[PDB]
Structure formats: structure tokens, C-alpha cells
Amino acid sequence: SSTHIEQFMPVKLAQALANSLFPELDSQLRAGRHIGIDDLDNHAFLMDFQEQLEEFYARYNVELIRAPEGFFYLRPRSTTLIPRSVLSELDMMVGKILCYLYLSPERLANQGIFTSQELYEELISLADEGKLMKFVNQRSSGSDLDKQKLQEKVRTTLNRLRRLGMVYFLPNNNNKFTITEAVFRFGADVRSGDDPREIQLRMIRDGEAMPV
Amino acid sequence: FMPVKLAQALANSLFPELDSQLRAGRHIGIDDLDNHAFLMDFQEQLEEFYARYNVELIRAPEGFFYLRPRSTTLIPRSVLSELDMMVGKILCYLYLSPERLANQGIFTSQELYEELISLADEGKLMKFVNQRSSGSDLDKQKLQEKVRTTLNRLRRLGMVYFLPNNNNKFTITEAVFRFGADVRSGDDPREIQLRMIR
Amino acid sequence: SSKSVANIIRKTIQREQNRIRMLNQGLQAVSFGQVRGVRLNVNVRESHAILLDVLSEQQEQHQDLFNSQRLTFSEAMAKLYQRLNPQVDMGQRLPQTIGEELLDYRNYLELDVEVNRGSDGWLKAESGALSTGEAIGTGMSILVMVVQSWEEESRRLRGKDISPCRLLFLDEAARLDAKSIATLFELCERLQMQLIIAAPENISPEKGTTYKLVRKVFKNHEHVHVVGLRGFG
Amino acid sequence: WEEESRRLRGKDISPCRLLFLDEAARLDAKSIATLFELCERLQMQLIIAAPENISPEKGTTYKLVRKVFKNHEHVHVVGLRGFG
Amino acid sequence: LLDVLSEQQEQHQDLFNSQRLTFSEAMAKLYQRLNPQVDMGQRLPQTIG
Amino acid sequence: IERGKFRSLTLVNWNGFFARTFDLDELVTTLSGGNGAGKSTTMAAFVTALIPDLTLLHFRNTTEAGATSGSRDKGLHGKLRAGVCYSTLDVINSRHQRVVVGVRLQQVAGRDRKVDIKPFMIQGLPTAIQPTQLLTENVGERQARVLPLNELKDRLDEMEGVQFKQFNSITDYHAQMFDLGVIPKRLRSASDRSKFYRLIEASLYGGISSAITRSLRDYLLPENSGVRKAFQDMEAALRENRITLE
Amino acid sequence: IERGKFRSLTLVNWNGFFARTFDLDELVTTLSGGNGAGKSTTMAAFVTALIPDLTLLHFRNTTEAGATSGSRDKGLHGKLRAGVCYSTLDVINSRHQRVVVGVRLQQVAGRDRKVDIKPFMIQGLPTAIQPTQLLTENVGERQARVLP
Amino acid sequence: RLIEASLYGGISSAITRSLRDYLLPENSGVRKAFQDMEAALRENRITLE
Amino acid sequence: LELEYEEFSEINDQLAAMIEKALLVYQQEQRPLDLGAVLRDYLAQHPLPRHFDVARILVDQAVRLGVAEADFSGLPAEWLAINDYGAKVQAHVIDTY
Amino acid sequence: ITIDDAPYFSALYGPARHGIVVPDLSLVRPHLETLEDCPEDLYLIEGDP
Ligand SMILES: Nc1ncnc2c1ncn2[C@@H]1O[C@H](COP(=O)(O)OP(=O)(O)OP(=O)(O)O)[C@@H](O)[C@H]1O
Ligand SMILES: Nc1ncnc2c1ncn2[C@@H]1O[C@H](COP(=O)(O)OP(=O)(O)OP(=O)(O)O)[C@@H](O)[C@H]1O
Ligand SMILES: [Mg+2]
Ligand SMILES: [Mg+2]
């Protein structure tokens, strides 16, 4: 009959949009936040109405995507109605290091709590210290002043990744933090054992990752 | 459940684009025929929809629509620069009576540049560019660059419409009144606008 | 073409303004609390005023757009309107519809309601800026405006010796003070318009007919006893 | 609500009680009598408004008259009493 | 539902021969668990549990 | 000259009114009684007889005067009683022709609170016969019997010169009312009915109506065809050609 | 136990009131007068002094009651005059302590019709002091002035 | 809400709709016992998801 | 300045008292009451300006005494005149007490 | 004009129904020689338009 919700919208979609959790989650998702298993309220809500939300956001030319590790996020298309942005290369260095930390069983004893110092030590352990230093300051040659500048830039990027939902600070201590599974998107270029260049081309075609 | 008319409104094809523009802070004037009509038709429900975000949907007395966030806003907020409000109040002044005969609604960047330089005090101009500046050519060039930049910001707010060509000539919309002064019985708009600009 | 269309539009606008001005005079000096008068303010939008003037006097500058047979007249009107005020956007709607909108004279007019409150001048009538009684009185004023307009509209489709009936209501009339009720009675009497008002006995208007109601239980059923009085004064 | 806060409050304080009602003229005499007895039995204060004096034999009453005066407005207040 | 959750297997299996109470029903409320039809939002209402 | 007038309002078998007729004043009629006596009920009867459209009819309480639709109950069902109910108006035109217009109301049985409505009109009735007499039989019992439309049609057709018209659609009913000068505008379509009802109910509750204020030009200005039809005819040749090409 | 009571309400520099004090009753207090006299304004002043949360205060007309409107204007600003304004309550506690709560109200200059509120409280005031006099200064020949 | 409903008078739509929230008070003894079960039930939700 | 005062008049309450005392007899004897005759007799005792109020109050007192059984007959009552200058009343006779 | 007076007026004015009202009729006398493009029978009337 007329004046009936079904005329304009599926009942389940209207039911979802009327929920009290929707505004918070919509605002955060448009901001780029990733959703993991730990924030039960939001994750369960996403699971309950997944298809409705995907069909809804499709109106904006953006895909609501679910990674195999179980975390949701938004990927805009080329004709997106919502702006799109790319992370910095330093963000990538710290992200891949956070991933390697999450996998590492040798540090499983920490029970998930890591310190910025440990992260810095691992990063310098694997990357080329001095040549990576080139990005912090063009004149760096190992000086302690420039080392402190690198540490502070790392601290700042780690805070930004906290806003993206990639890491949670402890309730009372800001020098220690716990990882979330969302970090595994930093491994997208190696999770399949094949030629790196074809992987890269597939990612760029899928819109996952841009070059610089 | 959900009110039937609200579901109808947000089912409309025009909603996603208007939502994206509104959340960016754009103002909808009488110029945007379809968007303005849509808001006129579904205001009673859209106000409720956006109240769920702790954000207010206001229709100005002149006729244009816009969003005002509360302190508890669920949408991340951002704030304009001092030079931005200076230019906005200048544009409000230019929405004058002799304007009709002077320019037929179409201005140029130079009009605004020269008006800004003539009407403002030097000290706040230096504060805008940099305190170390003093009456130098490079400072004036930087101020011109900043004027173009803030004018583009205002164009994103919908205050000013650029004429479709590469040159910098534009027309002022009614929504510029948001920068304007308080009006009291019998007060002359020119005088009160100048009084605030001073 | 051109000028003649402008003239018919102008005459239609002028006639509407004059009729409104005549209706407007019947509402002068109506006392409702601190409100002392009501008006219907009629104005012409600028974006259409300039268009009307251009169509009147600069037609030689745009004749290419009017006599081009590849497009119709209403389309020509829409295209001229977009040529002026270029900042206007069009919502992917056919130019034909925008043309027919320009053909409808009502779209050229801007309408407001104003009240002459207290020591102040003419103010736009906002509900939140008035007391309760003032709001009720203003509502009645606008309603009689509508009724008069509708009767003038239809009389060209009615018999020469027919005059329709006019009647309006007011529930919870106790909200109005004696002075306001006197004003309302004066208005309706001057307008030959009937009234039915309900009040829980607080008001006793001397003129007209009065009905006393009392609800009772009789043989285990609800029953209303009714008595009537009239002719006083 | 008063019963809920019995625990938190100090033993010796009973909070104030007060309510409003605009356009009281919508109620008839019997209804107002009922309302008054209810509120007085509960030690409840009331503030009511009506164009005409609907409660002549209970409580206090004030009469307001607005005067236009030298291009501004002024309100004059006078009390009313049950008997004279 | 409180009776279902309160009374446990070993003692009340002799009580459970009634048609209204069984263990699996706690998981059956998983359906009700996902989303009840709450309308107005303040503080934090979430689910049957 | 000599504007028409409403003469009387009659209720039959409504809640609290078995058979009641009100003689309306030429200028002012005042209803008076304690709370819950039935004043608003009489005005409900008047307007429902005037505009018998169940899509528009909604008698919300005076408190909460401006809220949304809310409940599915329109507030009318409870004002009726079991059996058959009537509401009728008596009118005198400028021609001094006596015309009686009204509707027949009945509670539709079911879980929900729904109502059935049927308009009708009578012309040529003698001045000596009152509506209550037409609609009731004075059987031996203490209380009369309200007679359905079948009995009413048979009873009226027996009279000399009296015509009984029974309508199948609201549009016809409003057309006849306009032709006889009972309303100021002929309600072409449902939109016109909605605006007319807006006018009535805004007057009923009182205050500056929001809806009237929004669409002020739509209410106060008549629509003029002269400006248009010239250009529709001139445009015709192009329209046909375009359609043919498509 | 003796329950607390509201003794009086005071208004300063409101729309139509310069400095007026209503003495409340133990059971019922009635306000009468023709339309537009200022009754609803007195109600509004009381409630404002009770809950100064400006996000909540919304004074609709009595008509249009119950309609959630989101009106552009909350209706408080117009009830105030230029300059400083007050609204205060005198209360007798169950402990027989006299306490004066209130708020200072002031219009905000600018196109938006905004309002400023600053609550305050006074304890231990002598019983002989009236709020009307406490809030004003006698300047000139019986031509008092309000003080910030 | 309470004061405003009193001022305009009548059956306030918002009050009746959430009458539980307005009338029934909250109890801390219930919470103290339910804290343990709250931990348990959150754990169960984790596993289910 | 200091607050002044103003007082109410109890003339209408006194009027109600005389009317109710005068009317109580009808109930006690259960005598059929006709508003027309009673109003015509009772208005003669007051001057014209006060007639309207007297009529209102008398009707208020009279309706509390029983009902008129004729109301269920479907037959409307006539408009009876009760004084000169042209005042009218409509009511069935009160029979059921 | 109403439908009832329409036939009367149409009979009254006859062929001149579609003439033009012009209050002087001497101001047209100079213009008239130019009228080569007009209906074969043009009607003019004097009075207040
Ligand atoms: N839909 C309904 N269902 C049930 N009872 C109703 C309904 N409508 C009205 N009533 C009852 O009918 C009686 C008359 O109601 P009504 O609204 O006509 O009173 P009133 O005389 O207009 O009162 P007031 O002027 O105080 O509003 C009251 O008892 C009311 O409770
Ligand atoms: N926000 C406002 N802006 C301007 N004038 C206002 C405002 N609010 C009220 N007024 C005016 O102040 C005067 C007092 O209004 P108020 O509603 O207090 O009176 P009242 O005696 O309670 O009237 P009523 O009983 O009719 O509601 C009226 O003239 C009203 O128009
Ligand atoms: Mg009622
Ligand atoms: Mg008021």
C-alpha cells in the first residue's frame, strides 16, 4: 500500500539507519577509521547489517570493504563523492614494523603491550638507519639531536595511526600501547608469493595503493 | 521504525551529494534551484536527521540554508583564519546599492584587493602576512597570493561564484550576509558594516 | 512577442497588487494585545524585475535567441533567464519546465505577513515573538484574507445572484481577553461571517446564541442535556 | 525522585516542590478544585496563569497591566484579594 | 529466561522434564542478541544479554 | 446581496447525543459546558459532515496541538456509537432554497477502530419537517428507532417534489455543494480538499498556522491562464514534430 | 520535618519590567491580565533561573505545543532589554537558612541573537535585605541604576 | 523535560514513551554482583563473533 | 512603590443563593418544571441590564434537577419568549427527577 | 462577466464586441492613414478604459 516504508527503502536498511550507533560509526568511517574485533558494539553492528551498509555507501561511489582478518573500512572509487588521501612513507615504515611486531612470537610474552622505544629499536634494526635519516633532515649524519628529531617524528606518526584505529594507547599510560589486527593491510604487497610488480599493478588497479 | 517522509527524503537521488556538501559547511542559496527546493520541501525531517549528529540545520532569514555545529558535534570541526573573516566582511560591504550600476553583479579580484588594502589598518595587515613585514613589494605579493587562496576557500563555502573562465572575476551571493553586522531599527547598513570593519 | 508579453505580465502584477491593497485596508486598526495592525507585504524579486525590464526594452540585443526556430518560446525564456544572473544553476531539469515557470506570474512575487506591534514599526510576524492571544488574533486575520481572496476568485464561475456562506471556528476561546473578543466580533460582523466558539463557560458574549451542556448518566448510559438562550441585547 | 535520593541526602533536608501550568483557563471549577486539593495534600507549590482571575478564594493573585509610555513599555502590577 | 539460566544441568535435569525450559534456549536468544528494536538513545542500551 | 447562511446542525446517535439539533446564530454561536461535556464533539460533527474524507480527518487533542501524525487512531471512532449515526447541515441560499446536506456514519467491526461514511443530499423539503423527524421512527418503545438509508430513501421518494441524491464519490458531493453556494471554492482535486481542510482545522485550533505561512502565495493568489495558453498553442507544432521524431 | 519553600522571584531589566519582585504563596500563586500583559514572560524568567542550560531552553508559544520544531530562534533573547539583566530566587531551606540563587543575563552584540548567562549564589544574607535594593544603586532623585 | 511538560500541561508524549526510565530507580547492589557476570558475558560475545 | 490592592464583588454569589433557595421546592415536591414560565416570572424581579446574567445562573441551577424524558422523542422544542425586547429560550419540560 | 450576462452583452455589442476603447478618437486620426495591416472592419470606442 501507499505511504509504506517498503516503497522507498528496505526495512532492514531503515532499521539500521535508525539505530543509535549509526551516527558515531558513520562519522568515524568517513574519517578513515578502521574497525576491528575489539570494539564489539561497532563490529557487531557492522556484521548485523553488512549488506545494507554496503549498498547504502555505494550511492557515494565508495566500497565498504571487509578484510579477511575481519576488519571493515572504506575504499573510495575514482569518481568518489568523498575525498581520498594517501599515507606518507614514514607512516608505511612504522606500519610494516607494527605488523612485524604483531606477528613476532618472540615478543608474545609482552602480552600485547609495547613501548615506543622497542618499536624504534626494531625499526632501526631492519631499515637503513642513516639513509632513512635522509627524510627526517637532509643534513643528518647520526647526530643525537637528529636522532631525537627522528624519535619525535615517529612518536607523532604513531599518534596519527592511533587516530586511524591501528593502535590503542593504554588508559593511563601514553608511552605504551596495544596493537590491533587492522595493521595487516600494510602487508598487502607480500601476502601472496608471486612477482612483486604484478602484485603492485593489481593493487593500484583495485585502488588499494597509489605510487609516489 | 522511521518516519515515512524522512525515508522518502533520504531515498531521493539528490541526497548524497547535498549531504556531502553540507557536511563540508557549504551554504545553499536560492541560486541552487533543485537543492534549495529539496530543502524547502523536507526541512521538517532533515532538521531531525541532523540533530542526531549534534549539528543544527538553520535557514537564514535571507533564505539560505547551512549547518551549525554544537560543542558536542559528531562531525569534526574546523575554523577560518582572521584574514578570512576580514575578506568576508569586505564582501558583505561590497553587497551595496551602487554595486548594481557599478558592476552589474560581476566583480574582479582587483576590486577586492584594492578595497582590502584601502580600508584596513596597516597593523592588522602585517599581522596577517607576518609581523616582521614592513611595506615591501614581496609582502604585497604574498598578501595577493593569500587573498586568492582565501577567496577560493570562500568559493568552496559557496559565498562567491567564479565566472566560468580562468580569469578571476566573480559575483557575490546573498549568503555573504552571514558575515554582516547586527541591524537595529533605522540603522544604515553602510555605516554599521564600516563600524565593524573599523 | 517581447513587449506585449511584458505588458500583460505587468498588468497582471499591478492588478494583484491593487486587490491585495484593498484587502489590506479592512485589517487596519485591529487590537490584539499589543498588535495594532496586520498587512500582506507584496514585493517583486529583483532577478525577475531585471528580466522583465530587459524583455521590455533590450529585445534587439537578444532577438537571435527568440526567433531561432530550433527552440520554442518557453525554452527561449529559460535561456534568456540563464544568460542573466549566470550564477544560477539548473537541477538537470528540462528548460521547458523552467520556461513555463517563468510564464507563471505568481513566481515573480514575494509575500510576507507583518504586524504593527506596540511602540515598534512593522515587524515580520513570528510565532515565537508574540504572546498567545496575539498569535490567535493574527491567525484569524490571515484566514479572513484567504476567504476573501477565494470568493473573489470563484465569482466568475458562479451565478450572478449567489453569495456563498462563510463560517469559522475557535476552540478553547477562553484564551482571548474581552478586548480581543470585541475586536474579533467587530471583524466577523463587518465581514458577514458566522462564528462558532467553545469555552468552558468562562466567557459570556451577550450577542448571539448560547448553548448550555451537561453530561449525565441515565439508565446506565451517557446522555447530554442541552439548553439554549438567545436574543439578549 | 525524592524517594530515590533518600540515601544520598542528609537526613534533615526535604527538597522544595514546585510546578507550573499556563493557560489555566482551559480547566473548569471542579477540575481546579481537584488540582488544588491534590497539590496541597502533597505540600506542592503551584504557579498558574490565566487571562481572567480563575482562583479568587485561594492563595495570592497579581494583576498585570501593560502601558505604552514615552516610546517604551512599562508593566504595572497590583494585588487582588478575595473579599472587600 | 532467568529460570533457564539460573538452574543448571546436574541437579535440575530432573526438573528440566518440563516443556518450557531447556538449555539450548540460551543460545536461541542469540537471535535476540543481535539487535532489539530500541528507539530513543541516551546512555547505552545494547542487547538481551 | 443577501449572503447565504447555515441554519442548523443535527446529530443522531453520537456518543452522548441520541438526537440533538442546534439552531445556529446569524453571527455568533457559543457552546458552553464543563470539561468533557462534548463541545469539541459537536465541532467534530460539523467538520466531518463538511469534509467527509477519511484520509484528512484527524481530530488530535488540543494539547499537543501541532505534533506529527503519531498514532494510527484518527480519534473519530470513539465518538460514534454502535449502530447507525448521522450528521446533517441545513442551509438557506441567497435564492432562499432550503437544502439539507449530510453523511451517514457507522462503526466498522474489527480489531481496529475504523469508520464507514456515505454522503447524501436532499432538496425541496417542506419548511415544516425537521431532520430528526426524517431520520427516526416513533415506535412504541421509550426511545425511537434510527432508520437506515434504505428506509430513508423509501420515505423521501414518497414525498412530492422532494429529491434525494446519494453520492458515490466525494468529488460529486463537493461539486453539488459549490453549485448551490455552500462553499467558496469548488474542490477540483484532493489537493484542493487538503488546502480547504488546512484552513478549517487551522481556524479550529487557532494560532499562526505553520503550513499557511509556508505556502502563502499558493493560498492568496489565483492562478492565471491567459499568460500561458497562447504559448501552448503556438508551441504545439514543435511539440508534435519532436514527439514524431522520437 | 519542615519542607523548604520558594519565597520570592525578582526580575531586573526584562522586557517591560525594570525591577519587580513577586512574593510567592505557600500553596498557589496566580497571574492575571489581558493578552500580552507579561505572564508567560514571568514563567520563562523563573525557569531560566532554575535551569540555565542554554542548550535546553526553548520557549515556544502555547499554541504549537508539543511540536518539535527546531525553530531558528529559541525566543529568550527578545524577552531581554539592552544592558545587564538579572533573575533571582529566594529560598528558605529546611534548615531555616536563607539562600539566594540566580543568574546574570546579557544580550550578545552581533547579528546572531545570542545570550550570555553567569550563575551565582549568595548565603547568609541578612533577612532585612531585599534583592531589588541589593541589585540596584540609588543614583539621583529616586532614579536608581543597575550595577554589574 | 519534567518542568517544560508541566508548563505547557497535558500528557507529554516524551514522558509516557520512556516511563520506565523516569520512574524506576537504579540499584548498586545489583551492579556489584552483575560485574562478574558482565565480564563473563563479554568474553562469550568475543568468542561468538 | 508599594503594592496596592483591589477587591471583588459577591453580588452574583448572592444571586445564586436566592435562586437556588427559590428553586429547591420543585425537587422536594417533584413538581414538573418549565423553564419558560420560571424565567418569565423570575426576570420580572430584576431590571433589564441584569436579565442575561439571571437567565444564565437560573439555567445553571435548573439543569441539575432531573432530566427531560421528551429529549428521546426526536421532536425539537420551540423557542419560548420570556420577556419584552425579544429574549428567547429553548428547553423541554423536566419530568424525570 | 458571468455566464448569465454573457449572451446579453454579446448581443448588445454585436460586431463591435472586439473593438478597442480609446478615450479621445482624435489622436488616432493622424495615425489612421498608416493602417494597412488590420482586420477589414476595425471598431473604436471612446471612454475610460
Ligand atoms: N475518541 C474518543 N474515545 C473515547 N472517548 C472520547 C473520545 N473523544 C472524546 N471522548 C470523551 O467524550 C467526552 C467529551 O469529549 P470532548 O472532547 O467533546 O469534550 P469537551 O466538552 O470539548 O471538553 P473540553 O472543552 O474540556 O476539551 C469526554 O469524556 C471525552 O473523554
Ligand atoms: N521574544 C519576544 N520578542 C519580542 N516581544 C516578545 C517576545 N516574547 C514576548 N513578547 C511580547 O511581550 C509581551 C508579553 O508577552 P507574554 O506572552 O509574556 O504575555 P502574557 O500576558 O503571558 O500573554 P498571553 O496570556 O496572551 O500568553 C507581549 O507583547 C509579547 O508580544
Ligand atoms: Mg474540548
Ligand atoms: Mg503569554
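Our subject is the structure that appears above.
In short, a report on the structure.

What to know about the overall build of chain J
Now for step 1: Counting secondary structure elements, chain J contains two helices and two strands.
Now for step 2: Mapped in sequence order, the helices and strands of chain J form the string α-β-α-β.
Now for step 3: Each of the three principal axes of chain J carries a C-alpha extent, and together these read 40 × 25 × 15 Å.
Now for step 4: Across the 49 residues that make up chain J, the buried fraction comes to 8%.
Now for step 5: For chain J, the accessible area works out to roughly 4300 Å², and carbon and sulfur atoms hold 57% of it.

Some remarks on the packing of helix α4 (residues 82-94) of chain B against helix α9 (residues 189-197) of chain B
Residue and element names in this part refer to chain B.
Now for step 1: Contact geometry for α4 and α9: axes closest at 10 Å, N-to-C directions at 165°. By the criterion of interaxial angle, the relationship of α4 to α9 is roughly antiparallel. Note that α4 runs across α9; the crossing there is left-handed. The segment α4 lies against α9, with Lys89, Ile90, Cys92 and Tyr93 engaging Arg190, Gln193, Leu194, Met196 and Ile197.
Now for step 2: The class makeup of the residues in the contact of α4 with α9 is six nonpolar, one polar and two charged.

Points about the pattern of salt bridges
Now for step 1: Per the counting criterion, the structure on display carries 69 salt bridges over all chains.
Now for step 2: With a closest N to O distance of 2.4 Å, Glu63(A) and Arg77(A) form a salt bridge. Of this pair, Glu63(A) sits in strand β1 (residues 62-66) while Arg77(A) sits in the loop between β2 (72-76) and α5 (89-103), placing them 14 residues apart in sequence.
Now for step 3: With relative accessibility at 26%, the residue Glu63(A) sits in the partly exposed group.
Now for step 4: In this structure, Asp121(B) and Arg198(B) form a salt bridge, with 2.8 Å as the shortest nitrogen-oxygen distance.

A word on the interface of chain C and chain F
Now for step 1: The interface is formed by 86 residues belonging to chain C together with 65 residues belonging to chain F.
Now for step 2: Together, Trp150(C), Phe169(C) and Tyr211(C) form the three largest contributors to the area buried by chain C at its contact with chain F, with a combined 11%.
Now for step 3: Here chain C and chain F share four salt bridges between them.
Now for step 4: Among the salt bridges present, the one from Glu151(C) reaches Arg3(F), with a minimum N-O distance of 2.7 Å.
Now for step 5: Applying the counting criterion to the chain C and chain F interface returns 36 residue pairs in polar contact.

Looking at a nonpolar patch on the surface
Now for step 1: A cluster of nonpolar side chains, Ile20(J), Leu25(J), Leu32(J), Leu35(J), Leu42(J) and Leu44(J), forms an exposed patch at the surface whose accessible area comes to about 460 Å².
Now for step 2: Tracing the sequence through the fold places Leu32(J) in helix α2 (residues 28-32).

Considering the site of ligand 2
Now for step 1: Close to ligand 2 lie 21 residues; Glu134(C), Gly38(G), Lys39(G), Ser40(G) and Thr41(G) are nearest.
Now for step 2: The environment around ligand 2 is built from residues contributed by chains C, D and G.
Now for step 3: Between an oxygen atom of ligand 2 and a main-chain N or O atom of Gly38(G), the distance comes to 2.7 Å.
Now for step 4: Between an oxygen atom of ligand 2 and a side-chain N or O atom of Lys39(G), the distance comes to 2.7 Å.
Now for step 5: Compared with its free state, where it exposes 630 Å², ligand 2 has 94% of that area covered by protein.
Now for step 6: Counting only elements with at least two residues in the shell around ligand 2, the list comes to α6 (132-154) of chain C together with α1 (39-50) of chain G.
Now for step 7: Each residue belonging to the shell around ligand 2 can be placed in one class, and the counts come to three nonpolar, 13 polar and five charged.

A look at unusual backbone geometry
Residue and element names in this part refer to chain C.
Now for step 1: A positive phi angle, near 35°, is found at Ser2, a position not held by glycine.
Now for step 2: Among the structural elements, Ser2 can be located in the segment before α1 (3-25).
Now for step 3: Phi at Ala29 takes a positive value of approximately 55°, unusual for a residue other than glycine.
Now for step 4: Tracing the backbone shows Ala29 in strand β1 (residues 28-32).

Digging into the sheet that holds strand β2 (residues 17-23) of chain G
Residues and elements named next belong to chain G.
Now for step 1: The strand order across the open sheet formed by five strands is β2-β1-β4-β5-β6, and the pairing between neighbours is antiparallel. The strands lining the two open edges of the sheet, one partner per strand, are β2 and β6 (115-123). Here the average twist between neighbouring strands, direction ignored, is 15°.
Now for step 2: Across nine bridges, the pairing between strand β5 (residues 98-107) and β6 is antiparallel. Among the inter-strand pairings, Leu105 is bridged to a residue of β6, identified as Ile117.
Now for step 3: Strands in contact with α1 are β1 (5-14), β2, β4 (84-92) and β5; relative to β1, the strand with the most contacts, it is inclined by about 110°.

Brief notes about the site of ligand 1
Now for step 1: Taken together, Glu172(C), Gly34(F), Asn35(F), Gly36(F), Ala37(F), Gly38(F), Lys39(F), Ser40(F), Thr41(F), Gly75(F), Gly78(F) and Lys79(F) make up the full set of residues adjacent to ligand 1.
Now for step 2: Mapping the residues near ligand 1 onto chains gives chains C and F.
Now for step 3: In this structure, an oxygen atom belonging to ligand 1 sits 3.0 Å away from a main-chain N or O atom of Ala37(F).
Now for step 4: In this structure, a nitrogen atom belonging to ligand 1 sits 3.1 Å away from a side-chain N or O atom of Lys79(F).
Now for step 5: Summarising the interface, the protein chains cover 63% of the accessible area of ligand 1, which totals 640 Å² for the free molecule.
Now for step 6: Of the residues in the shell around ligand 1, the class split is one nonpolar, eight polar and three charged.

Things to note about the packing of aromatic side chains
Now for step 1: If you walk through the whole model with that rule in mind, you get 36 aromatic pairs over all chains.
Now for step 2: A ring pair is formed by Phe56(A) and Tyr60(A), whose centres lie 6.0 Å apart and whose planes are at 55°; its orientation type is tilted.
Now for step 3: Relative accessible area serves as the criterion here: at 1%, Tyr60(A) is assigned to the buried category.
Now for step 4: Here the aromatic cluster, defined as three or more aromatic residues joined through ring pairs, consists of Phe22(A), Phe56(A), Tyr57(A) and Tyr60(A).
Now for step 5: The aromatic ring of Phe169(A) is capped on one face by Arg162(A), whose charged end is 5.5 Å from the ring centroid.
Now for step 6: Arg39(C) extends its terminal NZ or CZ atom over the ring of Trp122(C), reaching a point 4.4 Å from the ring centre.

Quick notes on the side chain of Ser133(B)
Residue and element names in this part refer to chain B.
Now for step 1: Relative to the helices and strands, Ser133 resides in the loop between α7 (122-129) and α8 (137-157).
Now for step 2: Within the structure, the side chain of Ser133 is placed 2.7 Å from the side chain of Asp139, a separation counted as a polar contact.
Now for step 3: Beyond its immediate sequence surroundings of up to four residues, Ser133 is in contact with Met126, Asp139 and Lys142.

What counts and how
- A chain's residues are numbered here from 1, following its sequence as written, a convention that may not match the entry; residues for which no coordinates exist are omitted.
- Just so you know, chain letters begin at A and ligand numbers begin at 1, following the order they were written in.
- For these chains, which sit within a larger assembly, all listed values pertain solely to the part presented.
- Heavy atoms throughout the structure, all of them, feed into the side-chain values; hydrogens and water do not.
- Numbering of helices and strands starts at the N terminus; helices are DSSP runs of H or I of at least 4 residues and strands are runs of E of at least 2.
- Exposure is judged per residue with a 1.4 Å probe applied to protein chains only, and the accessible area is read against the type maximum: over 50% gives exposed, under 20% gives buried, and values in between give partly exposed.
- Note on areas: these come from Shrake-Rupley sampling with a 1.4 Å probe, and a residue is covered only by the protein chains present in the view.
- Axis angles are defined between N-to-C directions and span 0 to 180 degrees, where every axis is a line fitted to C-alpha atoms and, for a helix, only to the segment in contact.
- These descriptions rest on fixed angle ranges, namely under 35 degrees for roughly parallel, over 145 for roughly antiparallel, 65 to 115 for roughly perpendicular, and the rest for oblique.
- If you view the pair so one helix is near and one far, a crossing is left-handed when the near helix is turned anticlockwise from the far one by less than a right angle, and right-handed when it is turned clockwise.
- Throughout, a contact is declared for two residues whenever any of their heavy atoms are within 4.5 Å.
- The classification used treats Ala, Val, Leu, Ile, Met, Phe, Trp, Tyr, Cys and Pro as nonpolar, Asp, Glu, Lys and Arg as charged, and all other residues, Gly among them, as polar.
- Any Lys or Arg side-chain nitrogen found within 4 Å of a carboxyl oxygen on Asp or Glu counts as a salt bridge.
- Simply put, the buried area is the total loss of 1.4 Å probe accessible area from both parts when two parts are fitted together.
- We define a polar contact as two N or O atoms separated by no more than 3.5 Å, with the added condition that, inside protein, one atom must be a possible hydrogen donor and the other a possible acceptor, whereas residues neighbouring each other in sequence contribute only through side-chain atom pairs.
- The residues that make up patches have over 30% relative accessible area and no salt bridge, and they are joined within 9 Å when like-charged or within 5 Å when they are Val, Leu, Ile, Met, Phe, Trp or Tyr.
- For this description, a residue counts as near a given molecule or strand if any of its non-hydrogen atoms is within 4 Å of it.
- Paired strands are those between which DSSP finds at least two bridges.
- The aromatic pairing rule takes the rings of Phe, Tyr and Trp, using the six-membered ring of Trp, and pairs them if the centres are within 6.5 Å, calling planes under 30 degrees apart stacked, those over 60 edge-to-face and the rest tilted.
- To sit over a ring, a charge needs its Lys NZ or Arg CZ within 6 Å of the ring centre and within 35 degrees of the ring normal.

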